[PDB]
Amino acid sequence: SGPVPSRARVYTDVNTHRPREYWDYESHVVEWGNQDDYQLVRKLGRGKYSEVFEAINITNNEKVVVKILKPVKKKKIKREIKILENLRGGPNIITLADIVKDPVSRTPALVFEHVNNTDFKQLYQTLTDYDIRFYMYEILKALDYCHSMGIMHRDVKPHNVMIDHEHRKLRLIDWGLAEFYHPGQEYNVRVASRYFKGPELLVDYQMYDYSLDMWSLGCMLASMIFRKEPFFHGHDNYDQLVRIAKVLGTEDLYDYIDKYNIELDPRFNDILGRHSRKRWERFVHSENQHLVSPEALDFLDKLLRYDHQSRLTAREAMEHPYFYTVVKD
Ligand SMILES: COc1ccc(N/C=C2\C(=O)CCc3c2oc2cc(Cl)c(O)c(Cl)c32)cc1
């Protein structure tokens with residue numbers, strides 16, 4: 001018995017055709033720079049795996065961002081480096097400019113191009129309907145690119161999308177959780193932030209794929225067009241699935257786990273309940289209606305599906321009528 005296996009419906013075998021060196025990140029050799037080329041200006045944030053600094057390339061007085069990785073996992077460090085180099089130059093992928101050995105932490109410090117990002121809590125309150133569509137398309141370009149290169153981001157969220165709104169410039173960042181997709185490979189479900197975890201992670205289904213990112217993007221889209229950040233506001237990983245079930249309904253959830261022969265954590269027995277699927281119009285009100293269109297709701301409905309295999313791919317999403325009004329490059 002056990003769970004039914006699953007395959008990505010696009011870019012399924014891209015890594016198995018590439019040279020081993022492309023995805024065998026453990027055997028990667030880092031090309032080092034000079035750490036005294038950079039002067040740290042101010043710490044921008046600290047996470048479980050890194051500290052991020054605004055810095056200045058003191059050789060050309062250029063602003064950069066330095067991400068000093070914590071020595072928690074070495075395999076994870078080579079993984080993020082290899083993925084950043086594999087994806088370098090792709091549309092709206094953050095550009096890894098240099099790698100140095102930080103003298104204090106004695107760990108790799110990644111040097112990125114600088115983005116004049118505005119905080120997403122402040123920025124999302126200002127976005128028009130057109131802005132949301134425009135930036136959603138820009139995010140899709142990055143996602144389709146990394147998916148086409150055999151890589152899933154696995155941490156899509158507003159905090160990991162840097163936007164220079166004055167210049168309409170967008171970069172997908174924090175590739176510290178990204179992984180190469182290998183068909184049939186079972187992955188760690190402790191990825192992404194709670195509010196953006198796909199149902200596959202919440203039901204402990206490990207054989208997921210690029211479509212995880214498309215659920216996370218749908219969560220971002222819902223928060224933007226309905227102006228509720230986050231949209232699924234679970235208090236823990238279990239309540240997170242309950243929050244989703246109160247919107248998408250429990251019948252489709254059971255159909256999803258039945259299709260893949262998944263058994264829910266019995267902890268859900270007394271908290272999941274029975275919920276009908278809600279029409280998206282329940283979340284429309286006077287304060288967000290100018291951001292809601294039939295095209296937006298159809299697009300959101302095709303992202304926020306329990307069955308990861310049924311979600312729009314990034315490429316399919318860019319074909320959606322929701323983006324007909326956006327002027328393309
Ligand atoms: C508070 O005022 C400001 C102004 C600018 C910023 N800019 C942050 C970033 C960038 O400009 C480069 C990409 C990057 C940034 O933060 C990151 C974090 C991680 Cl974890 C990561 O992997 C990457 Cl690539 C980045 C942040 C705050």
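One-based numbering, in listed order, for ligands and for the atoms of each. Throughout, residue positions are numbered sequentially from 1 according to the sequence presented. Because only heavy atoms are used, hydrogens play no part in the values below, and waters and symmetry mates are left out as well, while side chains stay in.
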### Residue of the set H308, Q309, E251 for which side-chain hydrogen bond (donor to acceptor under 3.5 Å, both in side chains) holds with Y256
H308
### Task
Check whether the side chains of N92 and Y137 place a donor and an acceptor atom closer than 3.5 Å, and report yes or no.
no
### Task
Check each atom of ligand 1 against the heavy atoms of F112 and keep those under 4.0 Å away; list them by number with element.
24 (Cl)
### Task
Using the six-membered ring wherever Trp is involved, compare the ring planes of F180 and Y25 and label them parallel, tilted or perpendicular (cut-offs 30° and 60°).
parallel
### Query
Looking only at N/O atoms, are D174 and ligand 1 under 3.5 Å apart anywhere?
yes
### Query
What residue and heavy atom of the protein are closest to atom 8 (C) of ligand 1, and at what distance?
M162 SD, 3.7 Å
### Message
Starting from atom 10 (C) of ligand 1, what is the nearest protein heavy atom, named by residue and atom, and what distance separates them?
### Response
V65 CG2, 3.4 Å
### Query
Tell me, do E166 and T118 make a side-chain contact under 4.5 Å, heavy atoms counted?
no
### Task
Would you mind checking which non-hydrogen protein atom is closest to atom 18 (C) of ligand 1, with the distance to 0.1 Å?
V52 CG2, 3.6 Å
### Query
Does any N or O atom in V115 lie less than 3.5 angstrom from one in ligand 1, N or O only?
yes
### Query
So, for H147 and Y181, is the gap between ring centers shorter than 6.0 Å?
no
### Query
Is the shortest N/O to N/O distance between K67 and ligand 1 below 3.5 Å?
yes
### Query
Any idea which protein heavy atom is nearest atom 23 (C) of ligand 1, and the distance to it?
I173 CB, 3.6 Å
#### Entry: Where ligand 1 meets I94 - atom numbers and elements under 4.0 angstrom, heavy-atom basis
13 (C), 24 (Cl)
#### Entry: Student check: side-chain heavy atoms of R243 and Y195 closer than 4.5 Å
no
### Residue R42 vicinity, atoms of ligand 1 by number, heavy atom under 4.0 Å
2 (O)
### Salt-bridge contact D209-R9 (side-chain N to carboxylate O under 4.0 Å)
no
### Task
For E113, take its heavy atoms, then give the atoms of ligand 1 lying under 4.0 Å from any of them.
12 (C)
## Note on the structure
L44 heavy atoms within 4.0 Å reach ligand 1 at atoms 6 (C), 26 (C), 27 (C)
### Donor-acceptor contact below 3.5 Å, side chain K67 vs main chain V65
no
